[PDB]
Structures are given as structure tokens and as C-alpha cells.
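Asks: Following this message is one structure expressed as C-alpha cells.
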């Protein structure tokens, strides 16, 4: 155990990971490093996604580490995407090792970037190892620093097994494969294992390490990271963050910090052409085999046809899947505005949760409707803050903190999730012209004057299209909706009456005029 270093990399823009592999061996790697002390160290490097959509997946990977390398471009500086992960890595007791990369570039300013790390992250950066990507010098010095500072792993190898599931995927030949950290005990080949969430037991048919090449082993001992193949049916059967133990001597308690994350953002997806339904259903199925957190459930509108109601972790989780659906499976989809999860107290005081507005209990039965609030961390040059908070309050945000970092401002606001999810990020980007970095996570539910806009077209109730929004801009969101539809619905054979209402009271009503005879229905570019 004492010669093992488990660490992850927090960076942005040959990446350091590739150069480390090159001076050792030659998503995760197990490497050997003969150090200046003449001894050999097993380096286990777990990769880290940079976005707060995968906030949980990130934290589970970090729970598998004792340290992390904060890799900053010496020619650029720090950026908020590495900040979120950096703080969580520090909240958990991980040794964060600062690295100044790309010192070779004509732009490199190491001393000033050493101040930026010290000022914004609060890590001792004065003796940070620095390294070239052109030549590769310093990478060994980084590795030496890694070995000296990151604590070795801990546990009892004879203790009852506790293996942290870092990640689980589907292999088209091997079945389900899990990347595993042995926190406690020892896992051998024959061993019959138990997944602690599910309570189900399987045989460890195969296990090994990534070299990067997939290499079989006969056991994974304490402090180690590797892969495991037992015939778990789907990746849901080995949830990320779960803990593996042995069936004959099961651990009393699972490793802390496990949860099965439920989608934060729901949306409705419908194929432009009904003929694509078969492919779309297949595409979601194919996606779901590797996406542990993608939720999808059939939904059919009168208006929009047969499609699917889908749950996502956040905006670019949705956008990754949308981009994938669009390009991999060549599907053209209509997508409804994203709607978030509300917390509602019934007249008979019970707490229920609402994904889709249509399901929200009657206005008479609601004692208190509670709205999700997102805490938004932002980095922006001083010349834009006026343009930024004016948007923040415009979206009903409340300022929680502000810190100055040279000629740069660190804003932290409390903006209603419902509103962050409806393209706020874009309006922020165009008012700061790409200079404001968003970073948000769920904070709290709060009581709020929240109403439900119902769409009906051809007098038919389109539940898929319903939205929950605040009173003060229900008139505007209803009006924008009727306009959005006028784009999706061209002038056709019949008149199409579109309207938004609150219960009985109509807020906007527009009709899409029918074509004359012998005129084809056209659409805008």
C-alpha cells in the first residue's frame, strides 16, 4: 500500500496524462514509476470530467483518490471549471498538487499564475513544479512531487472487502465492466461478491488493471484500482459510488457518500417525422446501456405525435445526448422547454415531487409550492458585472457573495433553477461576450409564487408542452410559447389555433392560417 499513489487530474485545455504514461508504461491508468529514492511506485490515475452536470460521478472518482494534480496553463491562468472540482477535492481531504504546464510557450507567465492559484484556490503554489509539453522536461519532477506529497492509501487488506465503484460501462463482448477502488480488504478471482445497493451476488469471473492496455490479474489488493467482470445485467446493477464487498464476510457498512442521482432537468423529445420513432426508441435504448443517469419514458401528444419524455442531470448532459441523437443516429427531433423538479406541499400536508407540470396538483390543493434554487458561481472581468447582475436579478436572482481577484470578479448568486435551465447561460455569455463562466449546483427549495401555463392546440390539451413559471413573467412565457409554436407549425391544410392559458384565463392566443389550395407547406431556414 505504501508505494501506491491514487490521484486524479483537474485541468482544461499532449495533455499531462499522456506525458505521464510516456515516461512510465510507455479514462484510467495504472503505471509504474522508479523514483529517485530507488523504489518503485504504483501510480493509479483516475480521469475527471470537468462539468457540474456530472458533479456526483466526479465526487465518487475523487473519493477513490488521496491526491489530485491541479494542472494550470502558465500562459493562461485558472478557470472556473477547474474551480468547482478543486473545492470539492479540498473539502474531501485530498492533497492538491499544483502544476504549471506549458512554460515553453512565449506567453508563459509562471509567477503571476502562481499568484492566481494562491489567490483564487488558496493552494501553496510557490514551489509548484513546472513542465514543457514540447520537450517533456518537468513531468518527471511532477511525478517525484506527486510521490512525496500525496499520502499512500489506507485500509486493512485482511479486513472485510470494501471496493468503491468509480465507474461502470457496457462492453460489447465482456458485458458490464466496473472500474473499482479497493478501499479495504482484498478481492480475488474466485470470490463471490455482493453489490451493497442492490444486495445481489455475483462471481468475480475476471479482474485486472488498465495499462492503458486491458491486462488481467489474479487479484486486486488493498489500495488498488482496476476493472472487474462479473455478469451484472446492466450498469444500473453496479451504480457509481456503490460499494462491493464479499458474500461470505460482508462489510457492516457501505462506503459513505453513495446516492442514486435522479435527473435534475426533464424535457420532452418528439421526432419531426413519425417514421423515425422506431430508430429513436432504439437510440435511447442504445444510449441507456452506457448512460447510468439518462431517464426516458414514452409520451404521446395529440399535436406532436409519439415521442419520449426524458430526464437529464443538467443542460449539457441533455445537450450531449441531443447532439448524439442528432449526429450518431441522424435523428431530427422537436424538443420541449426543459422543466425542473418542484417540491409541493398538498392541502393535506405531504411532500410530493413534480417533474411534469400536467401532474402538478390543483391550485386549491397546494399549501406551498417550493421552487428549486441553484447556487451560481461565476468568474468575470470587472468591466461586465453591471451587465451580469442586471441579468441575474432580471432572472429573479439574489446575490450571496462577491470576491475581487485582480481585475476579475468572483460572483456567487442564488438564481431559481427553473430559470437557469431556460437558456440563461446564453444570455450571460452574450452580455459578457464569452467572458463569464457559469458553475451551478442545487442548493435548496424555497416557497415561491409559481403558476402553470397550459398549451392547447386545435382545442386539444398538449400536456407535453405545459410549463411551470413565476407569476410576474407568466404573461411573457405564455406569449413566447405561442410564438415558439408558430415556428414549429407551418401554414398547412387546416387552421391551427394555438393558445396558452392559466387554468381558464387565456394569456395568448394565435392562429396559424391555412394554406390556399395548390400551395405547398413550406418552412424557414
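What follows is calculated from the coordinates using simple rules that are stated; it is not laboratory data. Cβ coordinates were reconstructed from backbone atoms using ideal geometry, including for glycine residues, and neighbour counts include every protein chain displayed.
Asks: So how do 88, 243 line up by other beta-carbon neighbours within 10 Å, fewest first?
Replies: Ordered from fewest to most neighbouring Cβ atoms within 10 Å, 88, 243 come out as 88, 243.
Asks: While we're looking at this one, here's another question. Please report, in whole Å, how far the alpha carbons of region 338-448 spread along each principal axis, starting with the longest.
Replies: Principal-axis extents of region 338-448 (Cα, largest first): 53, 23, 19 Å.
Asks: Counting DSSP beta bridges with both partners in the chain, what percentage is antiparallel, nearest 5?
Replies: 85
Asks: Would region 402-514 count as rounded, prolate or oblate if I go by the C-alpha gyration tensor, calling it rounded below 1.5 in a/c and otherwise prolate when a/b exceeds b/c, oblate otherwise?
Replies: Verdict is prolate for region 402-514.
Asks: For the chain, what is the calculated [θ] at 222 nm in deg cm²/dmol (nearest 500), taking -39500 (n - 2.57) for each run of four or more DSSP H residues and dividing by its residue count?
Replies: Computed mean residue ellipticity for the chain: -6000 deg cm²/dmol.
Asks: With 10 angstrom as the radius, rank 312, 445 by how many other C-beta atoms surround their C-beta, starting from the fewest.
Replies: 445, 312
Asks: Using a 10 Å cut-off around each Cβ, can you sort 359, 429 from fewest to most neighbouring Cβ atoms?
Replies: 359, 429
Asks: Sequence gap at least 6, Cα distance under 8 Å: using those rules, report the relative contact order of region 278-378 to the nearest whole percent.
Replies: After rounding, I find 17 percent.
Asks: Mind ordering 295-301, 76-82 by average Cβ neighbours within 10 Å, highest first?
Replies: Order by mean packing, descending: 76-82, 295-301.
Asks: Rounded, prolate or oblate, given the Cα gyration tensor of region 1-155, with a/c below 1.5 counting as rounded?
Replies: oblate
Asks: Another one. Could you tell me which of rounded, prolate or oblate describes region 62-153, using a ≥ b ≥ c as the square roots of the eigenvalues of the alpha-carbon gyration tensor, with rounded for a/c under 1.5 and, failing that, prolate when a/b is larger than b/c and oblate otherwise? Before the final figure, lay out the partial values.
Replies: On the way: a/c = 2.09, a/b = 1.30, b/c = 1.60.
Because a/c hits 1.5 or more and a/b fails to exceed b/c, region 62-153 counts as oblate.
Asks: What per residue convex hull volume, in Å³, comes out for the chain when only alpha-carbon positions are used?
Replies: Looking at the chain, the number lands at 180 Å³ per residue.
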